[PDB]
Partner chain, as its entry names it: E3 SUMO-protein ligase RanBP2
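A single chain comes next, written as structure tokens; it is the form solved without the partner chain.
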């Protein structure tokens, strides 16, 4: 995740193993319950897309639900691309590129790119956008029970 230190410096840290442990244990108990969503949010403050994928990777023990979640993510990514069809290059040299859907979902962007977006002034909040997609997916599943 990205944390803000006392001088206002944004600092990246790898995801905590204790956070992953808690997430797995949560999901063991509340997998198809509405509580899984606020628990996911509670455990992903400042998360990068890479962090979120690491979290999802740890609970990949149920195809039907994870398959549903991945389908929702792909749907939301396609929708992003429809609203933001990316350009061949950035506006000028030195500028970051605008993220595609797969950049937001962390499959075609590097951690360094994610950090660059998230620590931009103001932030290009790719972790929060991805979180929204994941939450839409989790909501589908709890309805799917």
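Rigid core: the largest C-alpha set superposing within 1.5 Å between the two forms. Residue numbers count along the first chain shown, from 1. Shifts are known only where both forms have a C-alpha.
One more form of this protein, solved in complex with the partner chain, exists but is not displayed; see below.
Whether residue 95 contacts the partner chain in the entry with it bound should be assessed with a 4.5 Å heavy atom distance threshold; does it? Yes, residue 95 sits close enough to the partner chain in the entry with it bound that at least one of its heavy atoms falls within 4.5 Å.
Even though the partner isn't displayed, in the entry with it bound is residue 91 close enough to the partner chain, meaning a heavy atom within 4.5 Å? Yes, residue 91 sits close enough to the partner chain in the entry with it bound that at least one of its heavy atoms falls within 4.5 Å.
Though only this chain appears here, would residue 86 touch the partner chain in the entry with it bound if you measure heavy atom gaps against 4.5 Å? Close contact exists here: in the entry with it bound, residue 86 approaches the partner chain to within 4.5 Å, heavy atoms only.
Which residue, 57, 41, 67, 95, is displaced 2 Å or more at the Cα between the shown form and the other one after superposing the core? Among the listed residues, the one whose C-alpha moves by 2 Å or more is 95.
Superpose on the core, then tell me which runs of at least 3 consecutive residues have all their CA atoms shifted by 2 Å or more between the shown form and the other one. This is the sole shifted run between the shown form and the other one: 87 to 95.
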